[PDB]
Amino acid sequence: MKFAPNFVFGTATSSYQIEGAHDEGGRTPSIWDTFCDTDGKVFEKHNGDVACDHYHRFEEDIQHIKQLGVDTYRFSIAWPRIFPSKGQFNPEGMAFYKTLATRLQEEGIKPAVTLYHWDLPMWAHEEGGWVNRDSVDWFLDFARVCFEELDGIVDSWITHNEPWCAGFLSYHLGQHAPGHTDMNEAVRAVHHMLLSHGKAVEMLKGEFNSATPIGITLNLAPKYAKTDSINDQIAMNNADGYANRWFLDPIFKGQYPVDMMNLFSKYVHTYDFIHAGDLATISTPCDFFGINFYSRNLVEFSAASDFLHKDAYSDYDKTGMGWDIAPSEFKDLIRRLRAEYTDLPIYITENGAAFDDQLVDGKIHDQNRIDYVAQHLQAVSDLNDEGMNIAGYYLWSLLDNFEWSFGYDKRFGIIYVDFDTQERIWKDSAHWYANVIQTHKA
């Protein structure tokens, strides 16, 4: 495990998962506030009302981040804090992020700032949300004030976090807010996310004339055929198209994959929501490429599935989410990206694991989480020996937090959080990560 002196270590969070203060500072509800309150959607109707109370306790968390010695803190800006109503900027909301980023710079920590990490304002939802092509303009007005007020104190920008989740998981499979099950809505939502990404990049580099590094973050889950049958090859292909190529191709090639457009045409009977110039804008050149990586999926064919695939039995070790622990597949992915897609510097903007953490005598001996991270850092190092140019690794997450549809039932943090008292207790993985970074610095 050897990293170039240039390599950045990071840790990451998002606004709705940690901030709390959900109705303070002028903040109006997001699609996730109301989704948490919809029956059946979130584990035990858990919500982000209080979360990690980070809005109030940000100073303490800055100290935790300082003590880790990470070069970089990745966080998101709450859209509903900045534009709590349409066209109505909220200076109090912007002040919190201005302070946050100023304070991080003062402590010598790079702010890596995600603009959209899933907390769409309810007023936007009420007009059709991401399905409405106007969402692109709503997003640009949000990005514009962010750039006006923060570009000078931010180290890098990430436009969108996981449009597969915000698009497909949210509007097709109905597991994430706003919980719809409509493939036409989903492809329109994704398209508008990606186009909003491209336009914000053009805005930053054109009219702001800024050289701040900017890119998108995609979650990528490499897909494997259970057998070598032709059916299972189709299945892998289609799982891969649905999770990965539907996003990679527009961003890097300026095209959607026609094989997936044909498969999606069981629901989507026109593609005229893709206007001339959209794909050129989606593929506007960026400074780096962000990857959230958690696992692979083994799949096989299903004659009864619209998209011709279903999950297959996996015999791998699994995290407490039930996801495969899959570092070799992480390496397959990165090689593929370099062979097929891009030469840009890569940041692993998220990697991490939930395990059934046990608090005993004020400690958390999360050897399982240590083993997970160690394997993936090892893989990064080895990939960097092949010239794969992974510029950095941000560990998800700084803190245990609101894990979406699972609520507080799933802990991804290297720092444990008692959600009653708000106490932070470093897990063994925090102590170990701090040390790994220090060893690299020598």
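When you see a residue number, it is the position in the sequence shown, counting from 1.
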property	result
Given 217 to 225 and 94 to 102, the range whose Cα B-factors average higher in the PDB entry	94 to 102
Between the two ranges 358 to 366 and 333 to 341, the one averaging a larger CA B factor in the entry	358 to 366
Highest recorded Cα temperature factor - choice among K110, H180, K310, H269	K110
Ranked C-alpha temperature factor of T212 among modelled chain residues, by third	middle
B-factor third for the C-alpha atom of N237 within its chain	lowest
Among modelled residues of the same chain, the CA temperature factor third for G152	highest
Chain-relative CA temperature factor third for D317	middle
Third of chain Cα B-factors occupied by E185	lowest
